[PDB]
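Next up: the same protein chain in two forms, each one alone, written as structure tokens (structure 1, then structure 2).
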Structure 1
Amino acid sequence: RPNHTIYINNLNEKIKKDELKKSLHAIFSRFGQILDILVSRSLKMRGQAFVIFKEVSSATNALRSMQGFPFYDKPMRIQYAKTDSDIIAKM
């Protein structure tokens, strides 16, 4: 099931969509090249987001290292996405 994409839950829903994306990029880019970050109004309201890495190893390290990290006062809950974004094939 491990893939290039991590699905993040339990995100602070009071954070601005734009600021949230930027913060996610700052935090996760240290684990490897990020291809894309998915943060919509729908996802935001539910405290969810997706980060797509260029390599699966980067996704794995991110998942194992940032699990439970107090992001904006809330422990992040991270898992691999059920379906690896078709963006991988496209990009």
Structure 2
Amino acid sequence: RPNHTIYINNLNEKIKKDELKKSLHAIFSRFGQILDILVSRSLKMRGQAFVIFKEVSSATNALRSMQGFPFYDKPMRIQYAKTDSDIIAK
């Protein structure tokens, strides 16, 4: 089920929005160009982040290489997104 966009959860919910975005960007940029990182602190979406890679190539490599990577004292759980993100489908 690969996809340009990986779904990360089990993230530390105490981290401020833009710090979290920066810290994810630094730790996932190696894998390729990141189009965007979507983070929301609502009840429904805290602890979660969508990283949008330019290439599925980068996303797949990011998923297994960083699966369980320790991040703000919690191992991050990474799957592919179940749909396409807006930017990837426009």
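Basically, rigid core = biggest C-alpha set you can superpose within 1.5 Å across the two forms. Counting starts at 1 and follows the sequence of structure 1.
Legend entry - Answer for which single form is the form deposited with the RNA bound: Only structure 2 fits here, because that chain is the form deposited with the RNA bound.
Legend entry - Core-aligned CA displacement of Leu38 at least 2 Å between structures 1 and 2: Result for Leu38: no, shift under 2 Å.
Inset, instruction - Check the Cα of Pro70 between structures 1 and 2 on a core superposition and give its shift in Å. - result: A shift of 0.5 Å.
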